[PDB]
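Accompanying notes for the structure given below.
There are 2 protein chains.
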Amino acid sequence: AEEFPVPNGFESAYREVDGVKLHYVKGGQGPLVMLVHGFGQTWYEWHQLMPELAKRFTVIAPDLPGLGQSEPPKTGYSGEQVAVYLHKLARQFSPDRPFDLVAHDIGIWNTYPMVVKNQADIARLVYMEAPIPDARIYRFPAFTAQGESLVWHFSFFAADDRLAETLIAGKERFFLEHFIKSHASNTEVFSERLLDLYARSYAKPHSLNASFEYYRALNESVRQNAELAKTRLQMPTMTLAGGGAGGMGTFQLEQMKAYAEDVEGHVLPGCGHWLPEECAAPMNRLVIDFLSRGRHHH
Amino acid sequence: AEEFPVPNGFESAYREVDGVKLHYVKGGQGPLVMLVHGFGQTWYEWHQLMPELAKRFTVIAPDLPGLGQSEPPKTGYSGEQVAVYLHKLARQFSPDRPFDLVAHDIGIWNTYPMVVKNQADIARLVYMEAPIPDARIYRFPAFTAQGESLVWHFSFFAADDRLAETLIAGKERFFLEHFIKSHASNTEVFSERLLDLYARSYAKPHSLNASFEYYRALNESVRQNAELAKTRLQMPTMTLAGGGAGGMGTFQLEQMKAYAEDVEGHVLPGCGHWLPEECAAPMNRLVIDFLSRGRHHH
Numbered sequence: 025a026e027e028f029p030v031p032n033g034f035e036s037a038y039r040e041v042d043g044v045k046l047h048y049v050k051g052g053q054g055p056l057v058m059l060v061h062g063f064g065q066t067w068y069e070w071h072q073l074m075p076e077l078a079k080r081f082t083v084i085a086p087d088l089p090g091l092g093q094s095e096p097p098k099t100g101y102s103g104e105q106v107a108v109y110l111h112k113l114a115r116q117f118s119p120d121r122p123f124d125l126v127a128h129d130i131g132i133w134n135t136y137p138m139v140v141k142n143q144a145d146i147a148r149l150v151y152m153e154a155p156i157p158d159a160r161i162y163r164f165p166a167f168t169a170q171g172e173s174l175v176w177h178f179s180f181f182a183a184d185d186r187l188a189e190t191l192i193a194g195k196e197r198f199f200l201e202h203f204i205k206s207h208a209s210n211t212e213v214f215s216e217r218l219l220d221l222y223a224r225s226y227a228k229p230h231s232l233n234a235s236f237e238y239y240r241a242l243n244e245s246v247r248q249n250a251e252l253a254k255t256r257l258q259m260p261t262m263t264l265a266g267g268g269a270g271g272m273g274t275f276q277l278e279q280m281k282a283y284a285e286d287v288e289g290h291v292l293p294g295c296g297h298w299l300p301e302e303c304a305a306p307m308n309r310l311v312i313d314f315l316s317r318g319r320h321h322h
Numbered sequence: 025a026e027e028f029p030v031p032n033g034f035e036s037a038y039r040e041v042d043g044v045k046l047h048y049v050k051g052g053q054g055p056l057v058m059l060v061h062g063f064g065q066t067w068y069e070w071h072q073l074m075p076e077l078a079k080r081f082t083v084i085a086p087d088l089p090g091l092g093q094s095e096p097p098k099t100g101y102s103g104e105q106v107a108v109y110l111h112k113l114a115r116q117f118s119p120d121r122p123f124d125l126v127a128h129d130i131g132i133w134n135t136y137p138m139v140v141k142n143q144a145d146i147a148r149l150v151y152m153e154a155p156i157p158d159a160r161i162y163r164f165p166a167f168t169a170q171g172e173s174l175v176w177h178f179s180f181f182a183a184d185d186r187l188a189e190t191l192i193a194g195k196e197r198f199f200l201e202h203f204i205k206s207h208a209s210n211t212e213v214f215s216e217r218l219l220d221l222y223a224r225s226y227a228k229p230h231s232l233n234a235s236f237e238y239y240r241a242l243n244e245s246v247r248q249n250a251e252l253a254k255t256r257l258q259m260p261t262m263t264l265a266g267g268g269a270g271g272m273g274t275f276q277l278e279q280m281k282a283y284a285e286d287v288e289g290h291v292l293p294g295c296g297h298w299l300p301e302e303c304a305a306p307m308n309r310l311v312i313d314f315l316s317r318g319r320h321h322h
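Listed in order, the protein sequences are those of chains D and C. Position one of the first sequence corresponds to residue 25 (the authors' numbering), numbered consecutively onward. Position one of the second sequence corresponds to residue 25 (the authors' numbering), numbered consecutively onward.
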């Protein structure tokens, strides 16, 4: 069985990487592009981009360790540890060419270290809607004059005593709808059915825990990145962010300018955090065009 | 009939104020001192201090509207609204003389407006362990290099859709232990027995909801105080804060200087948020000495 519908022309499959069984959905032909999802979601957030991108590229969308249908990591949930799994998976399919990387939300946390450490393996890079873990995250406010803040969940999810699993268990669908909608500008793009699908996936006890372990490792990821960032990113990079409520706005590009020599950015009006759903068409277009400046299938 | 044991020489009683039945515990003789508890607790947090104060003062410790054994407010949960109930309660027992006030945590939120609007009624004031609601609260961080931050719960509790109530219902005892201990330095005063007592009180469905309504009204309280703070407090005041894990540290006094002409502050080493239990001896001494500078029973 499958947690989410696989698009026509794609296949759902698994590969062992360092003893961890990773799930992914793959299709297309040409140079490889790996698409990495974030919190609350799975490979499926890319399902609208995939068929279009597959016309020019081989496209692989893995489930992060412990999430979707992927086994939990055996090393840990820090960015440097998880990035090893994703880098090695990519290299199984693109051993002889650099590959493209597109990441959203904690997909950024889980890829940055392998990108900065293996730059010859990366052709082009697209990051959307999340900070690279660094000291900037300590500046976000706990509370705002309009109500709940953007990232109070960093503390909720990082808390010990399995605080988040214990409170959210039995209310997974309820919590996820609140979380997604509170970070969206356009809530209409999230049908009750789509929310059902995402909730049933992350509600698996090992996936609910895995979800929060990424946050319990966040401070460690920040410390790792303080050393990694001594090396600038040299590949062509594009950032995307939502310009509406729930989005990162100008933060995304402004941070990336400190990390990357060659970066361009866009802020998408009318969209919040969930770009692939809230801003499917413009996001897809910007990604496809940016990656198509490099060698691809015609 | 009692959620918590009433100290010898005290009485548990009720008084209707503006159509709301408030519970309180009262004893002693001399000038009136009102002690006002905060979130996660009830009048009982004061039970060690009460007998000592009762030697020199008439002591009243009410349950905040909706918490402990007090009915919810009929007007609202903003500071100015709740302060009316507490001011009127005190003035029913001290109608012709000023009274002293000691407040902890949201007890501060729920008393500040009546103090500034009725300065002549307040002889001396002790505030401990919480910000007065103002724009400073928007500067606290969502997340720290040492994990969960002090006030991320402001957003959690203030969130729409009854998020906090829905998640915490059925898990109240677990949640309160984590919340209290995460804000404590001397965690071990919170025995399983004591936590059971506090948890069963706030687990009453109307009390769980009431708890969070104070946070849902926080931004309104900030807006109210912006007008009220045009007038500095002129009575002798003392602030206390914990200097250990979970405490407000130097923030308490520094903020209070903006509000009061005559203020002394103390930061208590090895103590977090829960001063009456974590650091009973030094806190009780500081309070007794400070209030005893004024008129009192000998």
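Don't be surprised by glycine CBs; every beta carbon is placed ideally from N, CA and C.
Three-way DSSP call (helix, strand, coil) for residue 273/C in this model = Indexing the second sequence from 1 puts residue 273/C at position 249. Coil, per DSSP.
For a contact meaning CB atoms closer than 7 Å, what does residue 190/D contact in chain C?
-> As a working note, residue 190/D is residue 166 in the first sequence. What residue 190/D touches in chain C: 195, 198.
When 302/D, 263/D, 159/D are compared against residue 310/D, the one with the closest alpha-carbon | Locating residue 310/D in the first sequence gives position 286, counting from the first residue. Ranking the options by Cα distance to residue 310/D, first place goes to 263/D.
Using a Cβ cut-off of 8 Å (strictly closer), state whether residue 154/D contacts chain C.
-> Residue mapping note: residue 154/D aligns to position 130 of the first sequence, counting from 1. No - not a single Cβ of chain C is within 8 Å of the one on residue 154/D.
Test: residue 185/C CB closer than 8 Å to a CB of chain D = As a first step, residue 185/C is located in the second sequence; it is residue number 161 there, counting from the start. For residue 185/C, the answer is yes, since a Cβ of chain D falls inside 8 Å of its Cβ.
One or two residues paired with residue 58/C in a DSSP bridge = Within the second sequence, the letter at position 34 stands for residue 58/C. According to DSSP, which records beta bridges pairwise, residue 58/C is partnered with 84/C, 125/C.
Label residue 234/D either buried or exposed according to how many other C-beta atoms from any shown protein chain fall within 10 Å of its C-beta, with 16 as the threshold for buried.
-> Numbered from 1 along the first sequence, position 210 holds the residue referred to as residue 234/D. Answer is buried; the Cβ neighbour count reaches 16.
Tell me the DSSP bridge mates of residue 40/C?
-> Along the second sequence, read from residue 1 onward, the residue named residue 40/C stands at position 16. Paired residues: 45/C.
If you run the structure through DSSP and keep just helix, strand and coil, what is residue 216/C?
-> The sequence position of residue 216/C within the second sequence is 192, counting from 1. Three-state result, residue 216/C: helix.
Determine the direct distance from the alpha carbon of residue 285/D to that of residue 135/C, and round the result to whole angstroms.
-> As a first step, residue 135/C is located in the second sequence; it is residue number 111 there, counting from the start. As a first step, residue 285/D is located in the first sequence; it is residue number 261 there, counting from the start. Residue 135/C and residue 285/D: Cα-Cα distance of roughly 55 Å.
By the 10 Å Cβ neighbour count, where 16 or more other Cβ atoms means buried, how is residue 64/D classified, buried or exposed?
-> For the purposes of this step, residue 64/D is taken as the residue at position 40 of the first sequence. When all chains shown are included, residue 64/D counts as buried.
How is the alpha helix (DSSP H) around residue 136/C delimited, first residue to last?
-> Numbered from 1 along the second sequence, position 112 holds the residue referred to as residue 136/C. It spans 136-141 - the alpha helix (DSSP H) in which residue 136/C sits, taken as one unbroken run.
For my contact list, residue 155/D and residue 161/D are in at a C-beta cut-off of 8 Å; report their separation, rounded to the angstrom.
-> Against the first sequence, residue 155/D aligns to sequence position 131. Against the first sequence, residue 161/D aligns to sequence position 137. Residue 155/D to residue 161/D, Cβ: 5 Å. Contact.
Ends of the alpha helix (DSSP H) at residue 99/C?
-> By 1-based counting over the second sequence, the position of residue 99/C is 75. Per DSSP, residue 99/C belongs to no alpha helix (DSSP H) and is neither H nor E.
Determine, using beta carbons only, whether residue 222/C comes closer than 8 Å to chain D.
-> Counted from its first residue, the second sequence places residue 222/C at position 198. False, the Cβ-Cβ gap to chain D never drops below 8 Å.
For the putative contact between residue 102/D and residue 250/D, defined by C-beta atoms under 8 Å, what is the C-beta separation to the nearest angstrom?
-> Here the question's residue 102/D lines up with position 78 in the first sequence. Here the question's residue 250/D lines up with position 226 in the first sequence. Contact flag wrong, Cβ pair sits at about 13 Å.
Measuring CA to CA, which of 289/D, 206/D, 34/D is closest to residue 180/C?
-> Along the second sequence, read from residue 1 onward, the residue named residue 180/C stands at position 156. With distances taken between Cα atoms, residue 180/C lies closest to 206/D.
Beta-carbon neighbours of residue 324/C, restricted to chain D and to distances below 9 Å = With chain C covering 25 to 322 only, the question about residue 324/C has no answer from this structure.
Who pairs with residue 151/C in a beta bridge, going by DSSP?
-> On the second sequence, residue 151/C is found 127 positions in, with the first residue counted as 1. 127/C, 263/C, per the DSSP bridge assignment.
Note down, in chain order, every chain D residue with its Cβ under 8 Å from the Cβ of residue 163/C.
-> By 1-based counting over the second sequence, the position of residue 163/C is 139. What residue 163/C touches in chain D: 165.
Which same chain residues, not among the five before or five after residue 209/D, have their C-beta less than 7 Å away from its C-beta?
-> Along the first sequence, one-based indexing puts residue 209/D at 185. Cβ within range, chain order: 266, 268, 269, 270, 271, 294, 295, 296, 302.
In three-state terms, what does DSSP make of residue 63/D?
-> Sequence index remark: in the first sequence, residue 63/D carries index 39 (1-based). Three-state DSSP puts residue 63/D in coil, outside helix and strand.
Kindly list, in the order they appear in chain D, the residues whose Cβ is closer than 8 Å to that of residue 182/C.
-> Here residue 182/C is taken as the residue at index 158 of the second sequence, counted from 1. Simply 167, 171, 172.
What does residue 210/D reach in chain C if we use C-beta pairs closer than 7 Å?
-> Stepping through the first sequence from its first residue, residue 210/D is reached at position 186. What residue 210/D touches in chain C: nothing, since even the nearest Cβ is about 17 Å away.
Return the residues of the segment 243-264 of chain C that lie within a Cβ-Cβ distance of less than 9 Å from chain D, sorted by chain order.
-> 243, 246, 247
Less than 8 Å between the CB atoms is what I'm expecting for residue 56/D and residue 114/D, so what's the real figure, rounded?
-> For the purposes of this step, residue 56/D is taken as the residue at position 32 of the first sequence. For the purposes of this step, residue 114/D is taken as the residue at position 90 of the first sequence. Contact flag correct, Cβ pair sits at about 7 Å.
Would DSSP call residue 28/D helix, strand or coil?
-> Counted from its first residue, the first sequence places residue 28/D at position 4. DSSP places residue 28/D in coil when its eight states are reduced to three.
So, does the CB of residue 207/C fall closer than 8 Å to a CB anywhere in chain D?
-> Here residue 207/C is taken as the residue at index 183 of the second sequence, counted from 1. Not closer than 8 Å to any Cβ of chain D, the Cβ of residue 207/C fails to qualify, so no.
Write down the C-beta distance between residue 139/C and residue 257/C rounded to the nearest angstrom, noting that I regard them as a contact closer than 8 Å.
-> Within the second sequence, the letter at position 115 stands for residue 139/C. Within the second sequence, the letter at position 233 stands for residue 257/C. Confirmed, about 6 Å.
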